[PDB]
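Here are two versions of the same chain, shown separately as structure tokens and labelled structure 1 and structure 2.
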Structure 1
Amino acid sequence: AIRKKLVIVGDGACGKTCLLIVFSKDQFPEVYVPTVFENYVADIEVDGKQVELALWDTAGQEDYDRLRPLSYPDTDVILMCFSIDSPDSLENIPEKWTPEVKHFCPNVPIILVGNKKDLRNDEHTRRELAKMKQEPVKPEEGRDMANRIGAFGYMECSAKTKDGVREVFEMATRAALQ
């Protein structure tokens, strides 16, 4: 098995910690959802190739511009997250997260991931967003941002229901192998 490293980046409320927890346990915890994620080394077999994929979170580092880049050395694939219930988290992608990841991880594939896709058809989410003249992120808005920033690809998932979670990490493993 070859060793690859994955780092997840994005705003504080983007759901990156929950995404790593659900994938590493293969379950949305029924009793207690952890506040933080330390690290994990996933055994993944994608398209016949065995990989040990080390997983890292940047949660807690958002306000610390000199500590945060220490998470980037030798990264093989970046998951750049935004929350579908937060159009504001998508607007921070092109001119905050994107130039940072391109500077510290040149030539590293970036997969733009729209998290919490289950909230796109949640009435409480639609009501709350409508108060600020907003709506949940549309699939084409996510694809267009991914196209614009030079992302390897665009994907959506729900850590709550596990839908799309396995596919994101299998695709990230394939990107890391290229």
Structure 2
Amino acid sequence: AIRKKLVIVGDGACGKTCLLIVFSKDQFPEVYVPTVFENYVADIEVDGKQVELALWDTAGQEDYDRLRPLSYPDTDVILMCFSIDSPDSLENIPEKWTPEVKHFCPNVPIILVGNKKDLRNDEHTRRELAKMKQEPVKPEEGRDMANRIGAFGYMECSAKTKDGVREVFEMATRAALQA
């Protein structure tokens, strides 16, 4: 009977809220509501240990920078996220989110999460990327970002298809349980 706290951060509309709702409610919300501040709970079992998981959802938008530090205080593991369909989204990993996290949550383990795996092989997505001379994200550099930012590990998922979502929260829990 152990409690752990997780905070999810990443750019606006990169799939932070949806990933929590799918995991906690097991349904995907269809209307987009930009998060200001939201609180969720979920239960999971990992390696024969029972864990309550508080999900702290944060705002990716700039206007709410000032509210975000209020979710950081007692964090056991951070889910740092980016979208695979947004390539500007990963350059914000080392330029905004890592600095922010390491400042408010030092030595607290970080999981790097790639969101919207379903949109890799979606034709409608790749065509709009070309207009900015850009292409979707592969798993090698994801791995690299993670090695570069001293992340605990690395994960790809899809909230729409439900693919690999629980696999995310297992590592997050192992991270919190470890040390």
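Under this definition, the rigid core comprises the largest set of C-alpha atoms superposing within 1.5 Å between the forms. Numbering runs along the sequence of structure 1, starting at 1.
Each structure shows the same chain on its own, and structure 1 is the form solved in complex with N-(4-methoxyphenyl)glycinamide (WZY). After superposition on the rigid core, the Cα of residue 36 moves by 2 Å or more between structure 1 and structure 2. The Cα shift for residue 133 between structure 1 and structure 2, taken after rigid core superposition, is smaller than 2 angstroms. Positional change of residue 62 between structure 1 and structure 2 reaches 2 Å or more at the C-alpha, relative to the superposed core. Taking the core as reference, the C-alpha deviation of residue 26 between structure 1 and structure 2 is 2.0 Å.
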